[PDB]
$ cat entry_13.tsv   # TSV, N, CA and C atoms and all ligand atoms
chain	number	residue	atom	x	y	z
Z	1	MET	N	14.89	14.55	-20.33
Z	1	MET	CA	15.60	15.80	-20.72
Z	1	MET	C	14.72	16.59	-21.71
Z	2	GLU	N	14.71	17.93	-21.63
Z	2	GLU	CA	14.02	18.78	-22.63
Z	2	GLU	C	15.07	19.04	-23.67
Z	3	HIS	N	14.77	18.80	-24.94
Z	3	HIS	CA	15.84	18.85	-25.99
Z	3	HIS	C	15.92	20.17	-26.76
Z	4	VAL	N	16.82	21.03	-26.32
Z	4	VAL	CA	17.00	22.36	-26.87
Z	4	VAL	C	18.53	22.58	-26.74
Z	5	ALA	N	19.15	23.05	-27.82
Z	5	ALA	CA	20.63	23.21	-27.81
Z	5	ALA	C	20.96	24.64	-27.40
Z	6	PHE	N	21.96	24.71	-26.50
Z	6	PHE	CA	22.56	26.00	-26.12
Z	6	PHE	C	22.91	26.79	-27.36
Z	7	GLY	N	22.46	28.06	-27.37
Z	7	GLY	CA	22.80	28.96	-28.47
Z	7	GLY	C	21.90	28.83	-29.71
Z	8	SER	N	20.80	28.07	-29.61
Z	8	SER	CA	19.88	27.90	-30.72
Z	8	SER	C	19.23	29.24	-31.14
Z	9	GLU	N	19.08	29.43	-32.45
Z	9	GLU	CA	18.67	30.75	-32.96
Z	9	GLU	C	17.23	31.14	-32.52
Z	10	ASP	N	16.39	30.14	-32.28
Z	10	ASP	CA	14.98	30.39	-31.88
Z	10	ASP	C	14.73	29.97	-30.42
Z	11	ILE	N	15.78	30.06	-29.59
Z	11	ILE	CA	15.68	29.55	-28.22
Z	11	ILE	C	14.55	30.24	-27.44
Z	12	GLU	N	14.35	31.55	-27.69
Z	12	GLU	CA	13.33	32.29	-26.90
Z	12	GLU	C	11.91	31.81	-27.24
Z	13	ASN	N	11.71	31.33	-28.48
Z	13	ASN	CA	10.37	30.77	-28.86
Z	13	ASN	C	10.19	29.42	-28.18
Z	14	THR	N	11.24	28.60	-28.15
Z	14	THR	CA	11.13	27.29	-27.55
Z	14	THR	C	10.86	27.39	-26.06
Z	15	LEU	N	11.54	28.32	-25.35
Z	15	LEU	CA	11.39	28.34	-23.94
Z	15	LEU	C	10.15	29.11	-23.49
Z	16	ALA	N	9.46	29.78	-24.42
Z	16	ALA	CA	8.21	30.51	-24.05
Z	16	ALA	C	7.12	29.57	-23.48
Z	17	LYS	N	7.14	28.29	-23.90
Z	17	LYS	CA	6.13	27.32	-23.53
Z	17	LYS	C	6.42	26.72	-22.17
Z	18	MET	N	7.64	26.91	-21.66
Z	18	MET	CA	8.03	26.10	-20.48
Z	18	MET	C	7.68	26.71	-19.12
Z	19	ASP	N	7.12	25.87	-18.23
Z	19	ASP	CA	6.88	26.23	-16.83
Z	19	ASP	C	8.21	25.93	-16.11
Z	20	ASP	N	8.28	26.29	-14.82
Z	20	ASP	CA	9.53	26.04	-14.09
Z	20	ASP	C	9.95	24.55	-14.12
Z	21	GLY	N	9.00	23.62	-14.04
Z	21	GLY	CA	9.38	22.21	-14.14
Z	21	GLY	C	10.08	21.76	-15.44
Z	22	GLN	N	9.63	22.33	-16.56
Z	22	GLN	CA	10.17	21.98	-17.85
Z	22	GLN	C	11.56	22.62	-17.98
Z	23	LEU	N	11.69	23.82	-17.40
Z	23	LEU	CA	12.99	24.52	-17.46
Z	23	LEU	C	14.05	23.64	-16.71
Z	24	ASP	N	13.61	22.92	-15.68
Z	24	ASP	CA	14.58	22.05	-15.00
Z	24	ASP	C	15.11	20.84	-15.79
Z	25	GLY	N	14.48	20.57	-16.92
Z	25	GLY	CA	14.86	19.50	-17.83
Z	25	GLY	C	15.88	19.91	-18.86
Z	26	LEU	N	16.32	21.19	-18.83
Z	26	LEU	CA	17.28	21.61	-19.83
Z	26	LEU	C	18.74	21.16	-19.55
Z	27	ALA	N	19.53	21.08	-20.65
Z	27	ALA	CA	20.93	20.57	-20.55
Z	27	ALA	C	21.93	21.64	-20.06
Z	28	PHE	N	21.42	22.85	-19.83
Z	28	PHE	CA	22.24	24.01	-19.46
Z	28	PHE	C	21.50	24.89	-18.47
Z	29	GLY	N	22.24	25.75	-17.78
Z	29	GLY	CA	21.68	26.70	-16.84
Z	29	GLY	C	20.84	27.75	-17.54
Z	30	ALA	N	19.70	28.04	-16.93
Z	30	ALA	CA	18.82	29.09	-17.45
Z	30	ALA	C	18.26	29.95	-16.35
Z	31	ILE	N	18.40	31.26	-16.50
Z	31	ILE	CA	17.90	32.23	-15.50
Z	31	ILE	C	17.06	33.24	-16.29
Z	32	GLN	N	15.85	33.51	-15.83
Z	32	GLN	CA	15.04	34.61	-16.40
Z	32	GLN	C	15.07	35.83	-15.47
Z	33	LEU	N	15.41	37.00	-16.05
Z	33	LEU	CA	15.54	38.26	-15.29
Z	33	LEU	C	14.50	39.26	-15.79
Z	34	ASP	N	14.03	40.13	-14.92
Z	34	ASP	CA	13.26	41.27	-15.37
Z	34	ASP	C	14.24	42.34	-15.82
Z	35	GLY	N	13.71	43.48	-16.26
Z	35	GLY	CA	14.57	44.58	-16.70
Z	35	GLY	C	15.38	45.29	-15.62
Z	36	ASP	N	15.10	45.03	-14.36
Z	36	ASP	CA	15.97	45.48	-13.26
Z	36	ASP	C	16.97	44.44	-12.79
Z	37	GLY	N	16.98	43.24	-13.40
Z	37	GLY	CA	17.92	42.20	-12.97
Z	37	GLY	C	17.39	41.34	-11.84
Z	38	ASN	N	16.09	41.43	-11.49
Z	38	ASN	CA	15.57	40.48	-10.47
Z	38	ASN	C	15.26	39.14	-11.08
Z	39	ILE	N	15.53	38.10	-10.28
Z	39	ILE	CA	15.42	36.72	-10.78
Z	39	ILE	C	13.97	36.20	-10.74
Z	40	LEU	N	13.44	35.90	-11.93
Z	40	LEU	CA	12.04	35.34	-12.10
Z	40	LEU	C	12.00	33.81	-12.19
Z	41	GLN	N	13.02	33.19	-12.77
Z	41	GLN	CA	13.10	31.73	-12.97
Z	41	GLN	C	14.61	31.42	-12.85
Z	42	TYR	N	14.88	30.19	-12.38
Z	42	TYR	CA	16.26	29.79	-12.14
Z	42	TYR	C	16.22	28.25	-12.09
Z	43	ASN	N	16.85	27.61	-13.06
Z	43	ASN	CA	16.64	26.19	-13.20
Z	43	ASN	C	17.65	25.29	-12.45
Z	44	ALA	N	17.35	23.98	-12.47
Z	44	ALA	CA	18.15	23.08	-11.70
Z	44	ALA	C	19.58	22.97	-12.17
Z	45	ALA	N	19.79	23.03	-13.51
Z	45	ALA	CA	21.17	22.87	-14.09
Z	45	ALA	C	21.99	24.07	-13.64
Z	46	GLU	N	21.37	25.25	-13.51
Z	46	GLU	CA	22.13	26.40	-13.04
Z	46	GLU	C	22.61	26.14	-11.61
Z	47	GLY	N	21.68	25.66	-10.78
Z	47	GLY	CA	22.04	25.39	-9.35
Z	47	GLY	C	23.15	24.32	-9.30
Z	48	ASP	N	23.16	23.35	-10.21
Z	48	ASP	CA	24.25	22.36	-10.22
Z	48	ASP	C	25.59	23.02	-10.50
Z	49	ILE	N	25.59	24.02	-11.40
Z	49	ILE	CA	26.84	24.69	-11.76
Z	49	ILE	C	27.32	25.59	-10.60
Z	50	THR	N	26.43	26.32	-9.93
Z	50	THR	CA	26.88	27.41	-9.07
Z	50	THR	C	26.74	27.14	-7.60
Z	51	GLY	N	25.98	26.11	-7.26
Z	51	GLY	CA	25.69	25.80	-5.86
Z	51	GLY	C	24.50	26.46	-5.24
Z	52	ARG	N	23.91	27.43	-5.92
Z	52	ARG	CA	22.75	28.12	-5.36
Z	52	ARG	C	21.50	27.24	-5.38
Z	53	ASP	N	20.65	27.43	-4.36
Z	53	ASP	CA	19.41	26.67	-4.33
Z	53	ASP	C	18.37	27.45	-5.19
Z	54	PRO	N	17.86	26.82	-6.28
Z	54	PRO	CA	17.00	27.58	-7.20
Z	54	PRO	C	15.80	28.29	-6.52
Z	55	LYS	N	15.12	27.60	-5.60
Z	55	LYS	CA	13.97	28.22	-4.93
Z	55	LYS	C	14.31	29.48	-4.17
Z	56	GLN	N	15.50	29.49	-3.55
Z	56	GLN	CA	15.87	30.54	-2.67
Z	56	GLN	C	16.32	31.83	-3.33
Z	57	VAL	N	16.73	31.72	-4.61
Z	57	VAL	CA	17.26	32.95	-5.25
Z	57	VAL	C	16.18	33.65	-6.05
Z	58	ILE	N	15.04	32.98	-6.27
Z	58	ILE	CA	13.95	33.68	-6.99
Z	58	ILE	C	13.52	34.90	-6.18
Z	59	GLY	N	13.47	36.04	-6.86
Z	59	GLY	CA	13.13	37.32	-6.24
Z	59	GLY	C	14.30	38.19	-5.80
Z	60	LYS	N	15.49	37.61	-5.76
Z	60	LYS	CA	16.69	38.36	-5.49
Z	60	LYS	C	17.18	39.07	-6.76
Z	61	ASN	N	17.98	40.08	-6.55
Z	61	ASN	CA	18.58	40.79	-7.64
Z	61	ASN	C	19.91	40.12	-8.05
Z	62	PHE	N	19.99	39.75	-9.30
Z	62	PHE	CA	21.17	39.03	-9.78
Z	62	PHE	C	22.42	39.86	-9.64
Z	63	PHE	N	22.39	41.14	-10.01
Z	63	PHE	CA	23.65	41.91	-10.04
Z	63	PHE	C	24.07	42.47	-8.70
Z	64	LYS	N	23.10	42.71	-7.86
Z	64	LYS	CA	23.37	43.37	-6.59
Z	64	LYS	C	23.63	42.33	-5.53
Z	65	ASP	N	22.79	41.28	-5.47
Z	65	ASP	CA	22.72	40.30	-4.33
Z	65	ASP	C	23.47	38.94	-4.64
Z	66	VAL	N	23.09	38.32	-5.73
Z	66	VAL	CA	23.45	36.96	-5.99
Z	66	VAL	C	24.84	36.88	-6.63
Z	67	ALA	N	25.10	37.79	-7.57
Z	67	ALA	CA	26.27	37.57	-8.51
Z	67	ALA	C	27.07	38.86	-8.64
Z	68	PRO	N	27.69	39.31	-7.56
Z	68	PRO	CA	28.38	40.63	-7.62
Z	68	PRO	C	29.51	40.58	-8.61
Z	69	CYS	N	30.06	39.39	-8.85
Z	69	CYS	CA	31.20	39.30	-9.83
Z	69	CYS	C	30.80	39.64	-11.25
Z	70	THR	N	29.51	39.68	-11.53
Z	70	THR	CA	28.98	40.03	-12.85
Z	70	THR	C	28.67	41.52	-12.94
Z	71	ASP	N	28.84	42.24	-11.81
Z	71	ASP	CA	28.62	43.69	-11.78
Z	71	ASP	C	29.88	44.36	-12.34
Z	72	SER	N	29.91	44.49	-13.65
Z	72	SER	CA	31.09	44.93	-14.38
Z	72	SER	C	30.62	45.34	-15.74
Z	73	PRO	N	31.44	46.13	-16.44
Z	73	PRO	CA	30.96	46.55	-17.74
Z	73	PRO	C	30.82	45.32	-18.69
Z	74	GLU	N	31.63	44.29	-18.44
Z	74	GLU	CA	31.65	43.11	-19.32
Z	74	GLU	C	30.44	42.19	-19.23
Z	75	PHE	N	29.59	42.36	-18.21
Z	75	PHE	CA	28.47	41.47	-18.07
Z	75	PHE	C	27.23	42.35	-17.77
Z	76	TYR	N	27.10	42.93	-16.56
Z	76	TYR	CA	26.00	43.89	-16.28
Z	76	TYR	C	25.93	45.06	-17.26
Z	77	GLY	N	27.09	45.58	-17.66
Z	77	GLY	CA	27.03	46.70	-18.63
Z	77	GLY	C	26.36	46.23	-19.92
Z	78	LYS	N	26.62	44.98	-20.37
Z	78	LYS	CA	25.98	44.53	-21.60
Z	78	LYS	C	24.48	44.33	-21.39
Z	79	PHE	N	24.11	43.83	-20.21
Z	79	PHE	CA	22.70	43.66	-19.86
Z	79	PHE	C	21.97	44.98	-19.86
Z	80	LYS	N	22.48	45.97	-19.17
Z	80	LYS	CA	21.67	47.17	-19.05
Z	80	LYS	C	21.62	47.94	-20.37
Z	81	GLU	N	22.62	47.76	-21.26
Z	81	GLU	CA	22.53	48.36	-22.60
Z	81	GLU	C	21.43	47.65	-23.40
Z	82	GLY	N	21.31	46.32	-23.25
Z	82	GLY	CA	20.25	45.57	-23.92
Z	82	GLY	C	18.86	45.94	-23.41
Z	83	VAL	N	18.72	46.13	-22.11
Z	83	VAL	CA	17.39	46.51	-21.57
Z	83	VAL	C	17.00	47.91	-22.08
Z	84	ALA	N	17.99	48.80	-22.17
Z	84	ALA	CA	17.69	50.22	-22.51
Z	84	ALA	C	17.24	50.28	-23.94
Z	85	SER	N	17.88	49.45	-24.76
Z	85	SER	CA	17.71	49.40	-26.21
Z	85	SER	C	16.52	48.60	-26.69
Z	86	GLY	N	16.04	47.68	-25.84
Z	86	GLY	CA	14.99	46.76	-26.18
Z	86	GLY	C	15.41	45.63	-27.09
Z	87	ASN	N	16.71	45.34	-27.14
Z	87	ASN	CA	17.26	44.18	-27.90
Z	87	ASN	C	18.56	43.72	-27.26
Z	88	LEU	N	18.73	42.42	-27.22
Z	88	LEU	CA	19.95	41.86	-26.60
Z	88	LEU	C	20.18	40.47	-27.08
Z	89	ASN	N	21.41	40.20	-27.58
Z	89	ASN	CA	21.75	38.84	-27.99
Z	89	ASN	C	23.23	38.79	-28.04
Z	90	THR	N	23.83	38.26	-26.96
Z	90	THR	CA	25.31	38.26	-26.89
Z	90	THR	C	25.82	37.04	-26.21
Z	91	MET	N	26.96	36.51	-26.62
Z	91	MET	CA	27.51	35.28	-26.02
Z	91	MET	C	28.98	35.56	-25.71
Z	92	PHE	N	29.41	35.21	-24.50
Z	92	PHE	CA	30.81	35.43	-24.12
Z	92	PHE	C	31.22	34.50	-23.01
Z	93	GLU	N	32.51	34.31	-22.83
Z	93	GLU	CA	32.97	33.53	-21.69
Z	93	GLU	C	33.16	34.40	-20.47
Z	94	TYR	N	33.01	33.79	-19.30
Z	94	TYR	CA	33.16	34.55	-18.06
Z	94	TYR	C	33.59	33.61	-16.94
Z	95	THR	N	34.16	34.17	-15.86
Z	95	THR	CA	34.47	33.32	-14.73
Z	95	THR	C	33.57	33.69	-13.54
Z	96	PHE	N	32.84	32.71	-12.98
Z	96	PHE	CA	32.07	32.94	-11.75
Z	96	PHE	C	32.90	32.55	-10.53
Z	97	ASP	N	33.04	33.48	-9.58
Z	97	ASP	CA	34.03	33.23	-8.51
Z	97	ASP	C	33.61	33.73	-7.18
Z	98	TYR	N	32.35	34.05	-7.00
Z	98	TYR	CA	31.88	34.54	-5.69
Z	98	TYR	C	31.37	33.42	-4.80
Z	99	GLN	N	32.16	33.25	-3.73
Z	99	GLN	CA	31.82	32.25	-2.67
Z	99	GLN	C	31.66	30.87	-3.24
Z	100	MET	N	32.50	30.57	-4.25
Z	100	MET	CA	32.47	29.29	-4.96
Z	100	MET	C	33.87	29.03	-5.57
Z	101	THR	N	34.09	27.78	-5.98
Z	101	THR	CA	35.32	27.53	-6.71
Z	101	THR	C	35.23	28.27	-8.06
Z	102	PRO	N	36.29	28.95	-8.47
Z	102	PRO	CA	36.19	29.72	-9.73
Z	102	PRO	C	35.85	28.79	-10.87
Z	103	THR	N	34.76	29.09	-11.59
Z	103	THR	CA	34.25	28.24	-12.60
Z	103	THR	C	34.11	29.04	-13.91
Z	104	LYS	N	34.78	28.56	-14.96
Z	104	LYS	CA	34.69	29.22	-16.28
Z	104	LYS	C	33.45	28.67	-17.00
Z	105	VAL	N	32.68	29.63	-17.54
Z	105	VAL	CA	31.41	29.33	-18.23
Z	105	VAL	C	31.30	30.08	-19.55
Z	106	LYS	N	30.42	29.57	-20.42
Z	106	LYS	CA	29.93	30.35	-21.56
Z	106	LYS	C	28.56	30.89	-21.18
Z	107	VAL	N	28.36	32.18	-21.43
Z	107	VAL	CA	27.09	32.83	-21.07
Z	107	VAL	C	26.44	33.33	-22.34
Z	108	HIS	N	25.13	33.07	-22.49
Z	108	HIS	CA	24.38	33.67	-23.61
Z	108	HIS	C	23.27	34.49	-23.02
Z	109	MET	N	23.19	35.82	-23.28
Z	109	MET	CA	22.08	36.67	-22.79
Z	109	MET	C	21.22	37.00	-24.02
Z	110	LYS	N	19.90	36.82	-23.87
Z	110	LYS	CA	18.99	37.10	-24.97
Z	110	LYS	C	17.69	37.62	-24.43
Z	111	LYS	N	17.10	38.61	-25.12
Z	111	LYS	CA	15.77	39.09	-24.73
Z	111	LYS	C	14.75	37.97	-24.95
Z	112	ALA	N	13.85	37.87	-24.00
Z	112	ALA	CA	12.75	36.92	-24.08
Z	112	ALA	C	11.71	37.43	-25.07
Z	113	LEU	N	10.80	36.53	-25.47
Z	113	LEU	CA	9.64	36.91	-26.26
Z	113	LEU	C	8.63	37.68	-25.36
Z	114	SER	N	8.50	37.24	-24.09
Z	114	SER	CA	7.69	37.89	-23.06
Z	114	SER	C	8.07	39.35	-22.90
Z	115	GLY	N	7.16	40.13	-22.32
Z	115	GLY	CA	7.30	41.57	-22.27
Z	115	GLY	C	8.68	42.15	-21.97
Z	116	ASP	N	8.99	42.30	-20.68
Z	116	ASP	CA	10.19	42.97	-20.14
Z	116	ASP	C	10.98	41.91	-19.38
Z	117	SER	N	11.38	40.91	-20.14
Z	117	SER	CA	12.21	39.85	-19.52
Z	117	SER	C	13.35	39.38	-20.43
Z	118	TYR	N	14.36	38.85	-19.74
Z	118	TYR	CA	15.65	38.58	-20.38
Z	118	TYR	C	16.19	37.25	-19.92
Z	119	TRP	N	16.69	36.43	-20.83
Z	119	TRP	CA	17.31	35.19	-20.39
Z	119	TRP	C	18.81	35.29	-20.24
Z	120	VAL	N	19.31	34.54	-19.26
Z	120	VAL	CA	20.77	34.27	-19.16
Z	120	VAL	C	20.96	32.76	-19.18
Z	121	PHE	N	21.70	32.28	-20.18
Z	121	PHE	CA	21.94	30.81	-20.29
Z	121	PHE	C	23.40	30.60	-20.01
Z	122	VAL	N	23.71	29.48	-19.37
Z	122	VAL	CA	25.07	29.24	-18.92
Z	122	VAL	C	25.44	27.81	-19.19
Z	123	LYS	N	26.66	27.58	-19.62
Z	123	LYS	CA	27.16	26.17	-19.69
Z	123	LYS	C	28.66	26.16	-19.34
Z	124	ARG	N	29.15	25.03	-18.85
Z	124	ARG	CA	30.54	24.87	-18.53
Z	124	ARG	C	31.41	24.80	-19.82
Z	125	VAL	N	32.60	25.41	-19.71
Z	125	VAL	CA	33.60	25.32	-20.77
Z	125	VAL	C	34.89	24.78	-20.27
Z	201	LIG	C1	29.86	36.12	-9.56
Z	201	LIG	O1	29.58	36.69	-8.44
Z	201	LIG	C2	28.82	35.11	-10.09
Z	201	LIG	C3	27.92	34.53	-9.33
Z	201	LIG	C4	26.85	33.66	-9.87
Z	201	LIG	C5	26.67	33.39	-11.29
Z	201	LIG	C6	25.56	32.67	-11.72
Z	201	LIG	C7	24.68	32.17	-10.72
Z	201	LIG	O2	23.63	31.42	-11.13
Z	201	LIG	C8	24.83	32.42	-9.34
Z	201	LIG	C9	25.91	33.20	-8.91

$ encode --input "entry_13.tsv" --output "structure tokens"
Amino acid sequence: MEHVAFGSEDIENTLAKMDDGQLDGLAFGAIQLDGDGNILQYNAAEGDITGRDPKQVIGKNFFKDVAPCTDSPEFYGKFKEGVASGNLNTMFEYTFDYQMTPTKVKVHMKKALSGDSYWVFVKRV
């Protein structure tokens, strides 16, 4: 296991070192998005939570293609305000319910240290 706690204040520094293999060792779901919402990284714990195959969703658009239930002011609206502003750090509960059993999660969105990229972290509640 890679030892990093969900919601850690310096999480973006810790995950800057990780390749896709190391990201699969985390205790929670992790998705890296560009500023348009396309999926750059998607780890194994996320696929365990949602059923998606991590390899297959890389390159898809999270809000348009993969996760239409997040296309709402409560989730995508917070993302696009963070991208526009160049800062984002927010944590909230949400229900994922597209083509899956409805699953309640805690979501943390945070700007990456890397240029124009954004993390979405997820854990079951
Ligand atoms: C609602 O459509 C959510 C879908 C979803 C959330 C997170 C994922 O990793 C995959 C699909």

$ residues_near_point --input "entry_13.tsv" --point "(21.0, 24.2, -12.7)" --cutoff "8 Å" --atoms "only C-alpha atoms" --output "number ranges by chain"
Z: 24, 28-30, 42-50, 54

$ residues_near_ligand --input "entry_13.tsv" --ligand "ligand LIG 201 (chain Z)" --cutoff "5 Å" --atoms "all atoms listed in the file" --output "MDAnalysis selection string"
chainID Z and resid 66:70 96:98

$ residues_around --input "entry_13.tsv" --residues "segment 110-120 of chain Z" --least-positions-apart "5" --cutoff "8 Å" --atoms "all atoms listed in the file" --output "compact mmCIF listing (two decimals) with N, CA and C atoms, keeping the file's coordinate frame"
# COMPACT_ATOMS: atom_id res chain seq x y z
N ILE Z 11 15.78 30.06 -29.59
CA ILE Z 11 15.68 29.55 -28.22
C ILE Z 11 14.55 30.24 -27.44
N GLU Z 12 14.35 31.55 -27.69
CA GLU Z 12 13.33 32.29 -26.90
C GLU Z 12 11.91 31.81 -27.24
N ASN Z 13 11.71 31.33 -28.48
CA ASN Z 13 10.37 30.77 -28.86
C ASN Z 13 10.19 29.42 -28.18
N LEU Z 15 11.54 28.32 -25.35
CA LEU Z 15 11.39 28.34 -23.94
C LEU Z 15 10.15 29.11 -23.49
N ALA Z 16 9.46 29.78 -24.42
CA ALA Z 16 8.21 30.51 -24.05
C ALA Z 16 7.12 29.57 -23.48
N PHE Z 28 21.42 22.85 -19.83
CA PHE Z 28 22.24 24.01 -19.46
C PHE Z 28 21.50 24.89 -18.47
N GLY Z 29 22.24 25.75 -17.78
CA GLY Z 29 21.68 26.70 -16.84
C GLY Z 29 20.84 27.75 -17.54
N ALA Z 30 19.70 28.04 -16.93
CA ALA Z 30 18.82 29.09 -17.45
C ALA Z 30 18.26 29.95 -16.35
N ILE Z 31 18.40 31.26 -16.50
CA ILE Z 31 17.90 32.23 -15.50
C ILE Z 31 17.06 33.24 -16.29
N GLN Z 32 15.85 33.51 -15.83
CA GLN Z 32 15.04 34.61 -16.40
C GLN Z 32 15.07 35.83 -15.47
N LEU Z 33 15.41 37.00 -16.05
CA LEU Z 33 15.54 38.26 -15.29
C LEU Z 33 14.50 39.26 -15.79
N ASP Z 34 14.03 40.13 -14.92
CA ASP Z 34 13.26 41.27 -15.37
C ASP Z 34 14.24 42.34 -15.82
N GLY Z 35 13.71 43.48 -16.26
CA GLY Z 35 14.57 44.58 -16.70
C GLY Z 35 15.38 45.29 -15.62
N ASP Z 36 15.10 45.03 -14.36
CA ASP Z 36 15.97 45.48 -13.26
C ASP Z 36 16.97 44.44 -12.79
N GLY Z 82 21.31 46.32 -23.25
CA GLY Z 82 20.25 45.57 -23.92
C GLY Z 82 18.86 45.94 -23.41
N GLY Z 86 16.04 47.68 -25.84
CA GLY Z 86 14.99 46.76 -26.18
C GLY Z 86 15.41 45.63 -27.09
N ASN Z 87 16.71 45.34 -27.14
CA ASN Z 87 17.26 44.18 -27.90
C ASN Z 87 18.56 43.72 -27.26
N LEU Z 88 18.73 42.42 -27.22
CA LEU Z 88 19.95 41.86 -26.60
C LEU Z 88 20.18 40.47 -27.08
N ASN Z 89 21.41 40.20 -27.58
CA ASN Z 89 21.75 38.84 -27.99
C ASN Z 89 23.23 38.79 -28.04
N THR Z 90 23.83 38.26 -26.96
CA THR Z 90 25.31 38.26 -26.89
C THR Z 90 25.82 37.04 -26.21
N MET Z 91 26.96 36.51 -26.62
CA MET Z 91 27.51 35.28 -26.02
C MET Z 91 28.98 35.56 -25.71

$ select_by_dssp --input "entry_13.tsv" --residues "chain Z" --states "strand (DSSP E)" --output "MDAnalysis selection string"
chainID Z and resid 29:34 39:42 89:96 103:111 117:124

$ residues_around --input "entry_13.tsv" --residues "residue 61 of chain Z" --least-positions-apart "3" --cutoff "8 Å" --atoms "only C-alpha atoms" --output "list in words"
residues 36, 37, 38, 39, 64, 65 and 66 of chain Z

$ atom_distance --input "entry_13.tsv" --atom1 "atom N of residue 40 of chain Z" --atom2 "atom C of residue 57 of chain Z"
6.9 Å

$ select_by_dssp --input "entry_13.tsv" --residues "chain Z" --states "alpha helix (DSSP H)" --output "PyMOL selection string"
chain Z and resi 11-15+20-23+44-50+54-57+76-85

$ axis_aligned_box --input "entry_13.tsv" --around "segment 108-123 of chain Z" --padding-each-side "4 Å" --output "AutoDock Vina command-line options"
--center_x 17.9 --center_y 34.6 --center_z -22.6 --size_x 29.5 --size_y 24.8 --size_z 15.3

$ closest_residue --input "entry_13.tsv" --among "Z:109, Z:59, Z:103, Z:9" --to "residue 80 of chain Z" --atoms "only C-alpha atoms"
Z:109

$ closest_residue --input "entry_13.tsv" --among "Z:100, Z:125, Z:1, Z:107" --to "residue 51 of chain Z" --atoms "only C-alpha atoms"
Z:100

$ atom_distance --input "entry_13.tsv" --atom1 "atom CA of residue 73 of chain Z" --atom2 "atom C of residue 7 of chain Z"
23.2 Å

$ atom_distance --input "entry_13.tsv" --atom1 "atom CA of residue 74 of chain Z" --atom2 "atom CA of residue 27 of chain Z"
25.0 Å
